[PDB]
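Only one chain is included here, represented as structure tokens and corresponding to the form deposited in one PDB entry.
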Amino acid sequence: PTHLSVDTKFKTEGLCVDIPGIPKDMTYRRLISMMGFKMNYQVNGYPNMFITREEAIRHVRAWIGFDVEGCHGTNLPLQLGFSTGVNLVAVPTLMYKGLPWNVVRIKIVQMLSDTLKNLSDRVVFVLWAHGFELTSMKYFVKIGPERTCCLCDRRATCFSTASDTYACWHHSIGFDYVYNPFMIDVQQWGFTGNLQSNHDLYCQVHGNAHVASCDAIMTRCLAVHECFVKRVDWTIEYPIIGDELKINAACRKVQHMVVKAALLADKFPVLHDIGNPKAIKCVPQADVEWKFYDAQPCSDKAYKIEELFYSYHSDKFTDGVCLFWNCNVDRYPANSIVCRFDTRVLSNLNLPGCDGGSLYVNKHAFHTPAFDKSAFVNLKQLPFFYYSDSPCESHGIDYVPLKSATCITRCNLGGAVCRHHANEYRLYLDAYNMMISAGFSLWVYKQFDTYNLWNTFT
């Protein structure tokens, strides 16, 4: 029970308008053969072009929606649409004019390689299969045993007929065939009605401009909805592909800094920590009464503050301060410290999601509801600052004297930042900029003022 058996049944009703007469009784084995591919009884790491829903979820970074619409099918031009927004027109002889397959296949390899090189070791074509997309694969896809890249140790994803060589997404410049792609037909999952009617039940952000790329985007969106919005699996781990470790470490440093300074500046007697049920006190030495409230990361809509706080805990969330560290609510109370992931951010960790939301993949996959500026009406943006009450002592990298109004330390109060605090400030600032650029936004109660931290040095 690891791969999808080629002898598994494939429902063909969705294919019979493009392919009339198609047998009702059909396996993946017969479908792959009908698509013009020969598997040759091969136990060389590629047992099936099609994969299970579980294998698809583990490889969500590889997902590329793909749709083919007949422009006029042997004698007719085809419009090839991808979830990157690209539309290519292939003649048998972003909107691109009609061109023969030998040049279309070069564009396909370039587009996939540039989209996927920093995300995944493969491609998973996410389909809402009606026939033409499956019969078009023979024109740009080659299959065979699992291979390695000619220039590196990564698995091969592309083939070149010019050189008779194989390459990964990073080394495929000039390559013309997609090699050993994977695919999944969403229409096999058991749906009633067409793609648009199922997609529109959960999403208003993607429309139907009636082009192939619109269908491709909708197909991947419906797949993300089914796999990450309604169903949520936090047991699945994802490989490190970027700055995951530094971002996570930075997040822990900023949370401790900000919460510690808020408690020192306003002396709240109670902190209401709302969110992750596995949360730990981020400022363990603080005097404050720390109370926890369990809420898993919402993946569909942001929590209504009325449901989190009301229906009869100190009960009085108005006493002291509320900490919402990645706990996405519709409207934060005025007495809050907030970290909210901005879904609009462009990065290799943040994948496009459903209904304005995004799929943030860092160790685990978290579908996050659309960033909404109106959630922060009772608060303000948290300014950058660095605070430290530790002794001014170097212990144990070169130096240029630090001058900064935001280095809140005893040495800066005394008129000259020490070397230890300058090094810690620069480290903190790098961690802070890393967290911000990853897409996290920080918000605080309007009365927050770092001028109140200077008198903690007496």
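In this text, residue numbers run from 1 along the sequence as written.
Just so you know, the form solved in complex with a small molecule exists too; it's not on screen, but the next bit is about it.
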item: In the deposited complex, the residue from 375, 156, 212, 127 that sits within 4.5 Å of the small molecule by heavy atoms; value: 212
item: In the deposited complex, the one of 184, 338, 78, 109 near the small molecule [non-hydrogen atom within 4.5 angstroms]; value: 78
item: Residue contact check: residue 69 to the small molecule in the deposited complex, 4.5 Å heavy atom; value: yes
